[PDB]
Number of protein chains: 2
Amino acid sequence: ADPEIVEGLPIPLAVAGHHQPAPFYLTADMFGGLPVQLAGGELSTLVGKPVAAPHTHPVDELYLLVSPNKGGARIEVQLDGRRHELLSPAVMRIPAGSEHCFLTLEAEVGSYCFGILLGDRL
Amino acid sequence: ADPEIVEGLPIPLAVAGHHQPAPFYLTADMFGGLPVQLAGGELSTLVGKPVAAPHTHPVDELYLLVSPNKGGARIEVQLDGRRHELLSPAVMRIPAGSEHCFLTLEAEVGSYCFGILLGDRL
């Protein structure tokens with residue numbers, strides 16, 4: 001087993017507000033310790049099916065939205081109780097402590113949203 | 001214009017070893033300053049077409065490989081002059097200073113590889 005690689009992905013972690021574990025691709029324990037965590041997933045099966053209720057983390061975060069066609073995915077991010085619209089590709093800042101969640105309004109195969117956590121606590 | 005969002009993506013930055021600019025989705029200047037940078041892209045048009053010669057960065061890095069079907073993308077990462085194989089989903093550590101690059105061997109629509117730079121210098 002090659003210590004430079006992790007193939008045991010995603011790592012499903014319990015996360016506040018979620019109805020099933022969130023899929024993690026980077027965790028804080030990896031490779032002797034990372035300064036970020038990263039969760040997310042492909043959106044084609046999540047149209048109209050939010051992964052979570054509004055929830056918080058004690059670290060700043062970023063949402064990253066990508067899709068193979070320009071504008072191929074659209075999400076709504078609730079932040080501080082108000083909706084923001086993202087059209088792929090896009091990034092959005094989510095301040096530490098802020099109540100947030102996203103909803104997929106449209107996606108194609110290969111649309112991805114990731115939550116990038118700028119620290120090691122959830 | 002909503003300061004919490006960046007829609008002007010990707011941000012094509014000149015990067016050593018590349019033949020065209022690398023597509024950045026997170027840059028160090030964003031949102032008043034980030035501690036990471038992130039570049040990458042969809043792999044279906046990159047099968048057999050490496051983006052770069054071996055090159056280095058002065059910060060630790062991670063490669064993240066995802067695809068809509070489990071095992072739907074396979075890449076080879078050269079690290080320290082030796083090839084490592086990644087089958088999606090996977091992550092690989094790339095130590096600061098280490099000569100590295102990747103080659104897409106197989107991908108489907110929606111396969112993505114990202115380089116996640118654990119610092120603010122290239």
# chains A, B, ... in the order shown; residues from 1 in each chain; ligands from 1
>>> interface_residues(of="chain B", to="chain A", cutoff="6 Å", atoms="only C-alpha atoms", output="VMD selection string")
chain B and resid 4 to 7 9 68 89 to 93 110
>>> select_by_dssp(residues="region 41-72 of chain B", states="strand (DSSP E or B)", output="list in words")
residues 41, 42, 47, 52, 55, 61, 62, 63, 64, 65 and 66 of chain B
>>> atom_distance(atom1="CA of residue 54 (chain B)", atom2="CA of residue 78 (chain B)")
7.5 Å
>>> residues_around(residues="residue 115 (chain A)", least_positions_apart="2", cutoff="9 Å", atoms="only C-alpha atoms", output="ChimeraX atom specification")
/A:37-40,61-64,113,117
>>> write_last_selection(atoms="C-alpha atoms", output="PDB file, in the first residue's frame")
ATOM      1  CA  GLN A  37     -10.857  19.443   4.710  1.00  0.00           C
ATOM      2  CA  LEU A  38     -12.922  18.968   1.568  1.00  0.00           C
ATOM      3  CA  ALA A  39     -16.348  17.318   1.020  1.00  0.00           C
ATOM      4  CA  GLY A  40     -18.678  17.190  -1.875  1.00  0.00           C
ATOM      5  CA  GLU A  61     -15.326  27.698   4.033  1.00  0.00           C
ATOM      6  CA  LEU A  62     -15.638  27.994   0.323  1.00  0.00           C
ATOM      7  CA  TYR A  63     -18.178  26.406  -2.010  1.00  0.00           C
ATOM      8  CA  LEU A  64     -16.753  25.467  -5.417  1.00  0.00           C
ATOM      9  CA  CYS A 113     -20.110  21.073  -5.691  1.00  0.00           C
ATOM     10  CA  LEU A 117     -13.075  23.897   4.863  1.00  0.00           C
TER      11      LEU A 117
END
>>> atom_distance(atom1="CA of residue 75 (chain B)", atom2="CA of residue 12 (chain B)")
22.2 Å
>>> residues_around(residues="residue 81 (chain B)", least_positions_apart="5", cutoff="10 Å", atoms="only C-alpha atoms", output="list in words")
residues 54, 98, 99, 100 and 101 of chain B
>>> write_last_selection(atoms="C-alpha atoms", output="PDB file, in the first residue's frame")
ATOM      1  CA  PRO B  54       7.458  17.891 -14.509  1.00  0.00           C
ATOM      2  CA  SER B  98       9.038  17.737  -5.638  1.00  0.00           C
ATOM      3  CA  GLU B  99       9.087  17.392  -9.436  1.00  0.00           C
ATOM      4  CA  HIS B 100       5.560  16.265 -10.468  1.00  0.00           C
ATOM      5  CA  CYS B 101       2.978  16.152 -13.250  1.00  0.00           C
TER       6      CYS B 101
END
>>> closest_residue(among="A:13, A:77, A:103, A:96", to="residue 51 (chain A)", atoms="only C-alpha atoms")
A:103
>>> atom_distance(atom1="CA of residue 120 (chain B)", atom2="CA of residue 80 (chain B)")
22.5 Å
